[PDB]
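Presented below, as structure tokens, is a lone chain in the form deposited in one PDB entry.
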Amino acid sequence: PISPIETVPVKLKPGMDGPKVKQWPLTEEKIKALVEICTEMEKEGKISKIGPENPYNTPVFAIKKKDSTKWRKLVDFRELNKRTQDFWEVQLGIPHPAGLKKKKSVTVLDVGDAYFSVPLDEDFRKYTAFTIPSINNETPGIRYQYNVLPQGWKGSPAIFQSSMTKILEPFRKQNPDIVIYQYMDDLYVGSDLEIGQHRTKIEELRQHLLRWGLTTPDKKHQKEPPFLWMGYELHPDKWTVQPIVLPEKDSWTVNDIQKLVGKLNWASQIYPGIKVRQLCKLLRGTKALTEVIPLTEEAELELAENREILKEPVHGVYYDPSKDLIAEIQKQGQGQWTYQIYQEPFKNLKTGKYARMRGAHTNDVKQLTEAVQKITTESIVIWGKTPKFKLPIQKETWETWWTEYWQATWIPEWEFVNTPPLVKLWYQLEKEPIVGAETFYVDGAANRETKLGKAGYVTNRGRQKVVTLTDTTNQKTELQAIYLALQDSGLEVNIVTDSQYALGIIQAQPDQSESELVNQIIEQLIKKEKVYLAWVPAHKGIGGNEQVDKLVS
């Protein structure tokens, strides 16, 4: 049928006019097939015969469907689409299984001929004109225009969805007890009535859909659980991802490793503790998909650890709105984090992974807070409320951090949980200068064109030491000078620098870095008893700064 629902007014982009492409001449079998299709469509109202004056045209083609002897009408809307107005996004975000409430009864209803079942703005139809060419194009062709939403036109998915929304609206007002998800040309319907009163509410729905143009499957043609949907397996009171098979291979190609990582990432939605750091490392660099990459030993270990987790099947449960959400996070290692969200321990709604580095240098407290933040956003999306957290960090460790760090922060309600490795601070710079501790006035300096560098220091006990660095930046030398003062000093040491850059880095208490130097400074700062770091203005003739500044050049 074609829905009686009022049409959505459509227009072209303001500067523009509708397409006027020329019809490519087509073979005889194709012209035949197109005529057969169009005549059938025309008799259902889908399209109408026109003749010029209508100036517009969009090319039509016919393809031979798979191996079968069926033909299909393909229309190339490229130009009309470029000239058609933008619409609002159809649906931004898709439901996650973990967010569904458990239902006593669920039914899937797919709309038949969804697009062709919805009218097109009368005033817009004329821009959809296409022409079936005569044999070798010797005579005038047969011209139609759409009365309904064309396949492949820009506005179709959006106008359809809004039509379904308007049509569904009343049944929703009258049936709050009933849940309906709109996805594409599907309806998913659930309630907590017993079979009978549900089977009954369905038919009402269907019948309402029918008054409105939309045909739907009958009791006998409704699919049964488990439903497979967008990569998931949806059972009556649980869900999981669709079955994942890690390929056995002697030799892995880029393409194979990419697909493997994608499957792992997908699996990590509900399989706890999936990791892909060591695999992703392989993907770094620039190669073709066809290239074989030898698995490193750590990647080989990783695939193995994943292989075992995937061994026995896991599932997630659905959301009970009357209980709180709890989220647990664990450190999995080098910048890697995993989490689980449950309501009853330890039956997970879902699980997940966090890796991203924010900057070149951070520490676990920063990283853990980034993961709390990422999990909070996701939980608001899926459930509409923030979880209660259980974190591998003492409350006192976290408050020491927050109070003395310069960036503001605030994680929602959380508790300590003793699930090592725990996140801790690995050193703390002194807050005051250390009496009886040797003061190193350090400095670095590189020549811009040469790339030659020289890092040194001077102390108040008269020590001095300069070293040369090759192919170094004006700011690498400033870190070297600090590393230098760290390894020649005692367990207590004050260091004076004029590098805000170096100061900024160290003052944030990094415990990991992309930089080898910074990784070395860190190992040092941990070995120490007390380090106090101070900053001075360069070239102001201040104290020992003048001296070590002279030594480097």
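In this text, residue numbers run from 1 along the sequence as written.
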>> Comparing average C-alpha B factors as deposited, tell me which of 89-97 and 338-346 sits higher.
In response: 89-97
>> If you average the CA temperature factors as listed in the entry, which stretch comes out higher, 26-34 or 65-73?
In response: 65-73
> Which is it among 158, 118, 481, 310: the one with the largest CA B-factor in the entry?
Replying inline: 310
> Which one, 317, 270, 193, 132, has the peak C-alpha temperature factor per the PDB entry?
Replying inline: 193
>> Sorting by Cα B-factor within the chain, modelled residues only, which third would residue 141 end up in: lowest, middle or highest?
In response: middle
> For residue 123, does the deposited CA B-factor place it in the lowest, middle or highest third of the chain?
Replying inline: middle
> With respect to C-alpha B-factor, does residue 59 fall in the lowest, middle or highest third of the chain as deposited?
Replying inline: highest
>> Can you tell me whether residue 5 has a C-alpha B-factor in the lowest, middle or highest third compared with the other modelled residues of the same chain?
In response: middle
> Among the chain's modelled residues, which third holds the C-alpha B-factor of residue 540?
Replying inline: highest
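A second form of this protein, the form solved in complex with a small molecule, is not displayed here; the remarks below concern that form.
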> Among 400, 362, 134, 151, which has any heavy atom within 4.5 Å of the small molecule in the bound PDB entry?
Replying inline: 151
>> To verify the annotation, which of these, 374, 143, 424, 72, has a non-hydrogen atom within 4.5 Å of the small molecule in the bound PDB entry?
In response: 72
> So which of 182-190, 479-487, 352-360, 322-330 is the stretch with heavy atoms within 4.5 Å of the small molecule in the bound PDB entry?
Replying inline: 182-190
> in the bound PDB entry, does residue 247 have a heavy atom within 4.5 Å of the small molecule?
Replying inline: no
> Is there a non-hydrogen atom of residue 431 within 4.5 angstroms of a non-hydrogen atom of the small molecule in the bound PDB entry?
Replying inline: no
> Any of the heavy atoms of residue 115 lying within 4.5 Å of the small molecule in the bound PDB entry?
Replying inline: yes
>> Taking the small molecule as it sits in the bound PDB entry, is residue 110 near enough to touch it, meaning that at least one heavy atom pair lies within 4.5 angstroms?
In response: yes
